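As written, the chains take the letters A, B, C, D and E, and residue 1 is the first residue of each chain.
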């Protein structure tokens, strides 16, 4: 090869640690444990590299700055991640060439070290203490590193949530430019990846067979954002917020496919029965009591798709204006019989609310959601429900279409709980709980935004399968917007986590792309916004 | 299509056979390899009844035997050319993703109602949200069904003859036809569907839903949300304004269902907007909008089955204004429309993508054309009822002259 | 060779993919099928590289920026492209050396990868997954790549739009200049091409012979713009726009030489006959109903070369000013007799319009173009058409010169349709419908511009031959302007579609050079302006 | 001036199909049979396309008969062209062999191709070889692949020197052999309909007779020429689709 | 072959009459008279059996019930019947395998006899 060009298969292996495991003896261990004597990877994959990451390296990053890591897993090669779906086991080292795109005028060194399993690359504070290699910024040939397979077992389960080795990159000596420019001179560290040598697969399962502890969390987020919808109302996802705590329990599902609420993950309009019809008053509007005849899918008594963004005492108290609760979620109400005979004449605008059943006294808001407390109230101040279509032996289906404030208080992070219910969801440290911004219609010229715990396809994917997110770690995704690229971690609680200050807003266009990285532990610091 | 199976060079297999019998399926090909794109014919292995199955035990019941087929890659089989995994190739994606693995809560492309089953119809005209294998539509709507956002052009007050209504048109902001708003129904009220009656003072048959007025900044008029029928009217009338034959961008309208009410003065002004859903269907006759599609002006799209294969439609489920079941016949379902819309699908113009359909009782075959339309054997008028446990299985590409095992 | 100079034949072949076809065995297969035992290519061409493209590579282009592809075809060597007019088939590989105009101070890499046939190079989302080679910007010796011929068949048809291999170039690590300045430091990637080895031609056709599915799309656009005219009026083409939708049907021809309008592709002046003469009124000027005696060459009744940019209700309402329609394209009218006794005295300034016969009542405007609606008014206030000169048994012909507005609305993307005529033309994704900014003579001191669907030499070229644009593809043209450089794709509908923001204006001087890249599919993303 | 390797294209077919042996009787390879006769008038100017003979089994009546049993073919035919006209007439006809992928009715320079002048005064016929230049290893019997052709054009117009105002017609005949390396590939049952349809030979009868149109069913008189038409009754596509009700 | 499956070309020739003509000597006589020295039949047809008839055989048919005759003609192979539109003469023997769709519980025999020319089988 000429000195400016670099073909495939070309590797200059630098041994960054004189404690490599016996590769072929681990290959013997796999062949004893599974009978995997023959190789399962085509040599077209074993010979050529494939691009995995590229990392920025500025003047303005000091020594010891973590550039990025490459964790050992079959998903860091696209061909190996494709081939892994037919197999129940894997094991073996990878090979990884690093190219640094810096001129011969720069200066600066990168520490590249292989990390033992069970030690987090982002949490290492002293990177030159580990046995490490240096890579100069002036380097021309790409430098290859073996990422060894240090494993307790004879093979890794494809299920297996065990720690593997990583390859970390840190700034050893900062990047400088002799040309005194006030602007930032940027260098690019690209990482490519082979299956190296002793890598093989173990145990034929049929392709796409769901294994024991879940599916891969790659399908939690879309490939690009598009017209994604959140799990509270189904409004359009606008961006992200960083909040301290949150209480969202409707349509929130764990990695164990368990919810704590009463609704199903694809959002539908609320079908419900009419229990007691109420006429309008000089004080308060005409309203209607709601309850299924023990036909709720999760809580029999709570109808499917009742909003937790309804009107309550926790959200906003009633005002002597519109003669109704101030803040809540509204939509039109369609009455229909048991055979589906829709009352087609009127379709009154309607607010979701929880009321105190014990009142009578003018009936006021309740703190929480009780199956005997569910109600819908007219928005029109002096109208009345119709006599035959909204009778006590009828049904109603209501959508969640817009939001009304009648104050300066929205229902952004606010969730109406149930009785005897205290679900709190908190971020620990150097990682913040993140929520999606739904987009409602509003009763004013301002933007109506609710903060939802996850989006609809994340809720359906958690709902329908078990997702292999173990309780110690997160499924981490890269997020590329037009300007900001950052990381999001999804827990096994179903909640989101990313770095930054509580209150940080991100705006996500529908060209926002997500990329599944892998499982990083909860103690890892995610590169957040700003 | 082979009518004489013992004329081909063939093997016999007895019904009394104990060992399984292996056959090589050869690769007779013109080319040096098959493209993974490639829609070229390969060899097949057919099975025909040579001598009929008999039981010496004289039972009136049917004695059934099972012929199971297993498959290796045999010998000289190999793959050729590394593309990256999941790379879309030249003439499309595989049509495996046209239908779901199990039915579930699937929705059709006309209103978005629940898919109940299949019908066999002679012809159909459905052009909204229908996309080809070439990812081309002929209509004006986008494949995920959304509520119709539209402008208010002219507000009309109620009359002793006819209800209060409202004229519709986007300011050249339609995604496909600028002038036709996204998600206007082709199941609207028209002269082709049902003429007006001097009962409800409105068109008889159509699709209705509530109407939400809102401003340009999104300021929703939250007070009233009147029930509303989608209709196309003749703009030239005035004379009491009556139904039109087709859909013209100056003909679009929505009319109150309530017989003597009136649109509000400020929320439904001429500088406002409205968003309406398609929630239920009204008849006011014995004529539904099952296979009926309101066309456009100068538009004649006909979709016909040829022979020994019948055009098939999905049965949507609407809410109804009565105690009967409201069913519209839609050309495809929503995820089929989105999958045709977003990718090119490798269905060549001579063939079909064939699927096995397992319900509780009936298992049959469905062929999807490159037109996006469905095809299966049987008599015109055959109804199938599909529970949400109905499973689909992609078989492959069979030509249009193939006879699909239909229902019954 | 001295280390700074490179002669011909000098190549350092870098292998990017270790799976080349058996070159001399495919050459034997071509000779069995066609009898091409000996070489049909002169050996002066096989020994020397000749230039094909030159790609600009900047600081301001990120990683994964597609620089360009070299698709395998005879038109990528200038000698082989000339020879391919004689031959009906070909087969074999080309050899491609790449030279980068980078100093020794710069840094940056490009990915060179050979792409399998059937895969669009401009649809590859991760460029480095395939087996690739890295070429550095600081390289001195040029690097040679073999572009293999992976093919099902024994040879390629010179017609056949069957896919061949490509050599795509992407930016891997961006180009950086350490001498930091806001100015863009441009690098030049120049690609040269040999016929490599097993390349040959197959079957003699006569030179310049149109083959079965059309001529090449090279002659659609000129080599350089010049004084080019559009097909709406025939005015000077100023530049481009990017419009969402358009309706231009007149003189527009498909790749199958099929038109949907009523005119012929070189714009002649509008030969027309006079049906009913009309005098001037105090409210509106004099006018003249137009209709031939069923002598339109496409729609007999619509006259040859009647404008679509006439005055209509969609264009502009009539004002109580000059007693005529506000916005239209005007011209001087010439009245002549059937044998050639042209009327010499008067020549009225005459605006094109469309009116209503059913009115009777002052006759007003009309929405569309009906063969009874064809009518033109004066520009003067109280003049009148002469008795013998402009009678009911005479003719009239008008040369379109003006463009009047009389409001703030123009006829830019506006086309007047026919009755029973709703044609739309729309792009779908990563690509925007482009149009040609025409030029007329404004009635003001502003610039009077129409947007036309295609130009005359594109309309004439689609007429006289069929053009090899298959229905799933585009014909892509490089646009070498003074400042900008981008791509324009022409469809089989005859419409221009390119990348960029809807509404982007481009100024095209007559030194704008158009250069033909090959055929790309409709789903391909085009590098548009800015 | 390039012919394919005849017996080595035959090795490609025996690999791709298993057709190692011959399937055409050798009495057909020795007998020219009249395929088609073209009328050639005074009233056709220079450059008039007379008709092309595309390479297929249907251009020999013995080979079109044999091809009902076979799903594939490949190989060259041998053709000769003869004129039946008086020795007084003046006019040439170019007959040129056309490479595959070129439309014969789009060729504007027939005398540049490998050609032959077939004058009206000719006595012996002009023999041609029509090669099988193909990308593939065989041809599908139903497949509409590009083949080599044999076009005919009026190079010089046919004129009658005597004072005769009537139209004088000349007759161009084409005879055909299967040449040499021609063979068949894949047994289908005899008369088996292949995938994309039957041949269009059976659209019109061998002679008109008492034929009936599809609007009412009256006796067919002859043709007309109309610009546009709307007939939808009893009109069926090649895809066997009608839009009417009868 | 496995004992339940039968491919093409599989034949167990049972002789019903031990007075066959000299087959290859009659083939030489045909080539003197007509010049048919080489084979006019493709060898794909000579190797495989193709179906001609199917005869129902019941409990309710007594002994001596005529099931059917296979008279020697080109129209008793479907490929040879198609080829015989090209030819004005023929000669030679055909080979006929017979398969009976009987279970192992049934019983019954058929007579197969080759009949001299000039004698009606019925």
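Everything below uses one rule, namely that a residue touches a chain if its C-beta (ideal position, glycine included) is under 8 Å from a C-beta of that chain, and two chains touch if they have at least 3 such contacts.
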Q: Using the touch definition from the top, list the chains contacting both subunit A and subunit E.
A: B
Q | Between subunit C and subunit A, distance of the C-alpha-averaged centres to the nearest whole Å | A | 45
Q.
Distance between subunit D and subunit E based on Cα centroids, please, to the nearest Å.
A. 40
Q.
Just the number, please: Cα centre separation of subunit A and subunit B in whole Å.
A. 34
Q: Please compute the C-alpha centroid of subunit B, do the same for subunit C, then give the distance between them in whole Å.
A: 37
Q) subunit D: which residues touch two or more other chains? A) 135-136, 187, 189-190
Q: Could you tell me which shape the graph of touching chains takes: line, ring, star, complete or other?
A: other
Q.
Taking the touch rule as given, give the residues of subunit C at its contact with subunit A in the complex, in rising order.
A. 12, 14-19, 63, 100, 104-109, 111, 126-129, 131-136, 138-141, 143, 172-174, 176, 178-181
(Q) Touching residues of subunit B toward subunit C in the complex: what are they? (A) 30-37, 81-84, 87-91, 134-135, 172, 176-178, 296-298, 344
Q | For the subunit B and subunit A complex, residues of the former touching the latter | A | 82, 84-86, 105, 144, 208, 210, 212, 214-215, 217-220, 222-227, 257-258, 277, 279-280, 282, 319-323, 325-326
(Q) Under the definition above, what is the set of subunit E residues touching subunit B in their complex? (A) 2, 4-8, 44, 47-48, 50-51, 78-79, 99, 101, 103-106
Q) Mind pulling up the subunit C residues that touch subunit B in the complex? A) 19, 116-120, 123-124, 126, 129-131, 150-153, 163, 244-245, 420-422, 424, 426, 428, 471-472, 521, 523
